[PDB]
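Structure first, then comments.
A quick note on method: Cβ atoms are made from the backbone with ideal geometry, for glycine too, and the neighbour counts reach across all protein chains shown. Nothing in this text is a laboratory measurement; each read-out follows from the coordinates by a stated rule.
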Amino acid sequence: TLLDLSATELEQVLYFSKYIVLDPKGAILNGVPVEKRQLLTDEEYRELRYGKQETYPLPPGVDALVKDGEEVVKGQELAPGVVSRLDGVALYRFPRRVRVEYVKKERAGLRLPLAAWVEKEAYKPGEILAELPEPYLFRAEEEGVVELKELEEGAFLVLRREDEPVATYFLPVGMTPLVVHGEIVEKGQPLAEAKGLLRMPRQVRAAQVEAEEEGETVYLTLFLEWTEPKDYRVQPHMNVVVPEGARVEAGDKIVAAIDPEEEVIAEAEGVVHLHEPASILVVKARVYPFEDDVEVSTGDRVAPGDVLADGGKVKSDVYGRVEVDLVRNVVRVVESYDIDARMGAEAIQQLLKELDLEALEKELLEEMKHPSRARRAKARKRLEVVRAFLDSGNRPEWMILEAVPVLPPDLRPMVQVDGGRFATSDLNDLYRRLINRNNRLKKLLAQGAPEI
Amino acid sequence: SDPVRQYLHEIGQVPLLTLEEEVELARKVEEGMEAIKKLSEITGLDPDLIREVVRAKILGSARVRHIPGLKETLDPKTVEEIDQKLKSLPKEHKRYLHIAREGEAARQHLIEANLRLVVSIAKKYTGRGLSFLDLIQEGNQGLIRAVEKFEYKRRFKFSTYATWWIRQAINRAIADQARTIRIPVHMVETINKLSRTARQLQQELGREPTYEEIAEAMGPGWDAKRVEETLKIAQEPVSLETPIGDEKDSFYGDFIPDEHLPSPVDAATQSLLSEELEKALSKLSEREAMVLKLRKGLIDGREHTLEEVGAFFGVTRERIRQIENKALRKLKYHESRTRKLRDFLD
DNA sequence: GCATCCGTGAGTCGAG
DNA sequence: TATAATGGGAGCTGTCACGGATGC
Ligand SMILES: [Mg+2]
């Protein structure tokens, strides 16, 4: 009656069915702003206080249609069998395999008929290298054993006489190699056949082009740059210590593990790609990558216009809770209000302390002049309690117990009956329940127990 | 409405971990602890205080309370000072703070995810003297111990290591709380062992065993008397509100007299005794009566020595002893004469 | 404005 | 102290008449 709370509601708050809000800090549920003494469910309080998020399963063998760190809109399919019910930043959970694209910058020669070759200072991927009217046989200018390295498209030949390579030839798309791996070739025997138009592969680009005119032919020394993929399998007991698209060097570790021999170490300079996550986590959050030391740690709560990282450069957009990602090197703010919503007799005691009696008496007095009979009735019933407390000098919050009194022991005896057996009052068992639960509560608090 | 149902719902909220989720959480917890130790090395502060601060900021200011082990009272002021002192550290050092926070969060999520196990284990301990919810909560304490003690390196799933500590906490709770008159855990073990022994013995004897048979089955050191006394100390009290008769109008406690407070007869008898003793002492002189009242404790209630009454009346202890003697003697004569104080001797 | 819910009452000794 | 174990379990049903609080 005092706080204007129906029996069901007070039941819900005292017995921890529902939260009640104090100093809402401007939370918003379903478009409607939040004001004091509002009744929030568990899902509502969790969405408001801890932010909104979800995780989705990926069936075995299927890969992602989205990338790590990438913003996502509701309805957008993360997989063929997975559609996100919300909008936000998708994140990878437990990638099964890590692909590493290894950077390789080398030098390789080729010889072509002068009429066919289209002269350029460099060649972009896919760009036509030459146009040949008739089939042409590219021949070995050295003797030795052939190392055939085949890319997705395009090939490399390496002639090594001594086991020391004496030659490197590049075979762009349109040239079918006539040699196998480890084949012994003499000088001037065809290593390949060029047919029609020959062009650069999509995997490899030609950075520099030198050309020596000799007789009716040109010899192109090509300075090439390309990436070679290598797949690594990650077991459930292993974790990925490297972010998506991270530049790595020889000696660095991509994936850790229980024991050092099963670890994944990077063999050469290359970029890291995370594929086939166990699950995908969609969160409503704002991403803030950082290039330097971060001013706020994990768990801190922050408003828009707050210091985050890099000595005060990158700041906060929305309201939320700070998760500092060292792996991805990004400060990620999951959007959540600071709203204070409590449960139980502590909340109630707080609201009770916050009642100004004279004010409420005035309110109810102004309510007593209303034409409606029911309103006058309820206002009378309330004003009776209000004026009871007012006249008495009793503080309303005394209807909550901080300290539970204990009856004198002789009024709840423990007595030895005739036969030496003991008989005692139930009040002792009640008090023992009370003290056990209270003590366990203090120990659970001191030990930092979870909220449930 | 139904507290158990409500709690089972709140538990049903948090979804079960996968192998990877579990491994990652455990790992983050462990590395978090390591990071706290590192921060203790760097800062030269108390690891426990640091842990309480990191846990404070993770849980928020919603929960802050003085920890019994901590030296300083834990309040938003001190945790702000310590937090800022942690913000005062170089990038590689400040890293360990983030590791710690992540560790705490992982801990919380781990416990919250594993709350179902505790219930599934506790449901089998009912009827042993603790409520279902109590068994659940104590089991939760066990779960917390298991979380803080877990090693993911062993590659064992969490449930295996958790179950041990959970059963441990539930059983400790049952042994500690279940009796209105508390009994030590080892003694509870002995009593339960005696019970199981007697039950097996009765199961093979086709009847309840005697003390001697139980003593035989318990081994050396156990005789009939030991079994009997062990069964005696094991006896639990009975309710004073225990109903008597088929109606609701009679309590068992209504038949139990108060032996403590003196009866009107006893009180009156002590009164007449005091009055008569005064009557008899008045037949002596002031000095001998006072000496007797001092030595016997009628004055301050304590019984003075000879040296005290002697120094009080200013005579030798031999003298005061002598006047005590003659006082008692005159009292004896007068008592033989009037037979007044005889009836108070029962 | 009127059905329906919940809470709370329902004799005294005596003995058991 | 380490295999793994992950949402419980009885209700108790033949009065009654009232008063006062919620719901069409
Ligand atoms: Mg024996």
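Does any residue of the stretch B:107-124 turn out to be under 25 Å from the mean Cα position of the chain (by Cα) and loosely packed, with under 13 Cβ neighbours inside 10 Å? No, there is no match, as no residue in the stretch B:107-124 is under 25 Å from the mean Cα position of the chain (by Cα) and loosely packed, with under 13 Cβ neighbours inside 10 Å. Candidates in the stretch B:12-32 are the residues that are crowded, with 18+ Cβ neighbours inside 10 Å and among the hydrophobic types (A, V, I, L, M, F, W, C); of these, the one that is nearest to DNA strand D (Cβ to nearest atom) is B:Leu17. The residue pairs whose first member lies in the stretch A:431-452 and is within 8 Å of another protein chain (Cβ to nearest Cβ), whose second member is of a type in the set (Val, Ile, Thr) and surrounded by 13 or more Cβ atoms within 10 Å (Cβ to Cβ), and whose beta carbons are closer than 8 Å, counting only pairs six or more residues apart or on different chains, are A:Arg432/B:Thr180; A:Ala446/B:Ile67; A:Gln447/B:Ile144; A:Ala449/B:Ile111; A:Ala449/B:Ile144; A:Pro450/B:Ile111; A:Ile452/B:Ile11; A:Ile452/B:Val14.
Answer with yes or no whether A:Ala167 is out of contact with any helix residue (DSSP H, G or I) (no Cβ under 6 Å at 6 or more places or on another chain), touching a residue at least 12 places away in the same chain (Cβ under 8 Å), surrounded by 14 or more Cβ atoms within 10 Å (Cβ to Cβ) and within 22 Å of A:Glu121 (Cα to Cα). Judged against the criteria, A:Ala167 is not a match.
On inspection, B:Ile183 fails the criterion of being more than 23 Å from A:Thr424 (Cβ to Cβ) and of a type in the set (A, V, I, L, M, F, W, C). Can you find a residue in the stretch B:223-230 that is surrounded by 15 or more Cβ atoms within 10 Å (Cβ to Cβ), hydroxyl-bearing (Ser, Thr, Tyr) and touching a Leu at 6+ places or on another chain (Cβ under 9 Å)? There is at least one residue in the stretch B:223-230 that is surrounded by 15 or more Cβ atoms within 10 Å (Cβ to Cβ), hydroxyl-bearing (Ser, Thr, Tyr) and touching a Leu at 6+ places or on another chain (Cβ under 9 Å).
Considered as a group, the residues in the stretch A:368-414 that are surrounded by 12 or more Cβ atoms within 10 Å (Cβ to Cβ) and among the β-branched types (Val, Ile, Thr) include one that is nearest to B:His260 (Cα to Cα), and that residue is A:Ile400. For the stretch B:215-223, does any single residue satisfy the condition of being within 14 Å of the ligand (Cβ to nearest atom), closer than 24 Å to B:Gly129 by Cα and of a type outside the set (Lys, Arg)? Within the stretch B:215-223, none of the residues are within 14 Å of the ligand (Cβ to nearest atom), closer than 24 Å to B:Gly129 by Cα and of a type outside the set (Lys, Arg).
Counting only strands (runs of 3 or more DSSP E) wholly contained in the stretch A:289-391, the ones carrying 1 or more residues that are over 30 Å from A:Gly245 (Cβ atoms) occupy A:340-342. Among the residues of this structure, A:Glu262 counts as one that is within 24 Å of A:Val98 (Cα to Cα), of a type in the set (D, E, K, R) and within 13 Å of chain B (Cβ to nearest Cβ).
Give the residue, chosen from B:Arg226, B:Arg196, that is within 13 Å of the ligand (Cβ to nearest atom) and away from chain A (no Cβ under 14 Å). Let's see the steps before the verdict.
Working: B:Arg196 fails: within 13 Å of the ligand (Cβ to nearest atom).
Going through B:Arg226, B:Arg196 in turn, the sole match is B:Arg226.
B:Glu81 meets each of the listed conditions (1) surrounded by fewer than 18 Cβ atoms within 10 Å (Cβ to Cβ); (2) part of a helix (DSSP H, G or I); (3) without any contact (Cβ under 8 Å) to a residue 40 or more places away in the chain; (4) within 12 Å of chain A (Cβ to nearest Cβ) apart from (4). Kindly evaluate A:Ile339 against the criterion of being hydrophobic (A, V, I, L, M, F, W, C) and within 14 Å of another protein chain (Cβ to nearest Cβ). When the stated conditions are applied, A:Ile339 passes them. Contact annotation: residue pairs with Cβ atoms under 7 Å, 6 or more positions apart or on different chains, pairing a residue in the stretch B:288-301 that is of a type in the set (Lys, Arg) with a partner that is outside any helix (DSSP H, G or I) and surrounded by fewer than 19 Cβ atoms within 10 Å (Cβ to Cβ), are B:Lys293/B:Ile299; B:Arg295/B:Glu303; B:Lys296/B:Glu303. Only residues that are within 12 Å of chain A (Cβ to nearest Cβ), more than 23 Å from A:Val21 (Cβ to Cβ) and among the β-branched types (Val, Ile, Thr) were counted across the stretch B:56-78, and they come to 1. For the stretch A:40-97, the set of residues classified as in a helix (DSSP H, G or I) and among the aliphatic types (A, V, I, L, M) consists of A:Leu48 only. Looking for something within 14 Å of another protein chain (Cβ to nearest Cβ), within 16 Å of the ligand (Cβ to nearest atom) and surrounded by 13 or more Cβ atoms within 10 Å (Cβ to Cβ) - is there at least one such residue anywhere in the stretch B:231-242? Within the stretch B:231-242 (the criterion being within 14 Å of another protein chain (Cβ to nearest Cβ), within 16 Å of the ligand (Cβ to nearest atom) and surrounded by 13 or more Cβ atoms within 10 Å (Cβ to Cβ)), the answer is yes, since at least one residue qualifies. Residue count for the stretch A:373-399 under the criterion of being within 16 Å of DNA strand C (Cβ to nearest atom) and either touching a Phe, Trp or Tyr at 6+ places or on another chain (Cβ under 6 Å) or not hydrophobic (A, V, I, L, M, F, W, C) (or both): the result is 5. Applying a threshold of 8 Å to beta carbon distances and a minimum spacing of six or more residues, or different chains, the list of pairs starting in the stretch B:233-253 at a residue that is among the small types (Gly, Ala, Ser) and ending at one that is within 16 Å of DNA strand C (Cβ to nearest atom) reads B:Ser239/B:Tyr252; B:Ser250/B:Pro243; B:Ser250/B:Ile244; B:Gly253/B:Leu240; B:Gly253/B:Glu241; B:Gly253/B:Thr242.
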